[PDB]
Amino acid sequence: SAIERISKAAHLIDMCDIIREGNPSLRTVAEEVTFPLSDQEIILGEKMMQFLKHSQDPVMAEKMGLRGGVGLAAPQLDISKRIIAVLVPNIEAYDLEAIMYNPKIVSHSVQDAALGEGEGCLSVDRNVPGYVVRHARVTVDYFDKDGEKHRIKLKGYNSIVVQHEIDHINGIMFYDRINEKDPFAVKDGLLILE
């Protein structure tokens, strides 16, 4: 069991725990978690966040052969649960740090946005150029490990990152939102971030 081994106290998540394109799990819609959460579901959230921090540490990422990341979704660990972790650094130490259970976008702006540099994915071993078109702004509802409900409004990079992870729990990949015809086309109402 993926969640079983990953939740072991001694286990440290690394690239070998992350599945890549081709694995059906990434195109499957993750199942919602029920409350109260099991101890394993809470630990998994914590393990995920620990992974993000490790991936962001120079020495850690190096020793563990980790690809840097600011977000991670359970499906990427072959665990089909609606659980995601986000850790966006400020340029406190973080612009956004959260472990979200059953996250859901309850409202979004008409205006769209996309990173000028485009996007990458820990489960995708290749570069796919293009603007990943997303909602500029979103209001997201989610539950924390204690089952408490949170409603937040995101913009800029945080908005992009959370949408990328929520897409994972819905079986969607970043390149699914890039314009096939013109990967770098700038449509009306599209806000390029940079």
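So that there is no doubt, residue numbering starts at 1 and follows the sequence shown.
Unmodelled deposited residues between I91 and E92: 4 to 9, per the record. When 110-118 is weighed against 97-105, 110-118 comes out higher, by mean CA B-factor as recorded in the entry.
The PDB entry reports B-factors from which the mean C-alpha value can be compared for 161-169 and 129-137; the larger average falls on 129-137. Among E32, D39, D57, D144, the highest C-alpha B-factor in the deposited entry belongs to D57. The PDB entry assigns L52 a C-alpha temperature factor belonging to the middle third of its chain's modelled residues.
For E62, the recorded CA B-factor ranks within the highest third of the chain. Only modelled residues enter the ranking. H150: CA B factor lies in the lowest third for its chain, per the PDB record.
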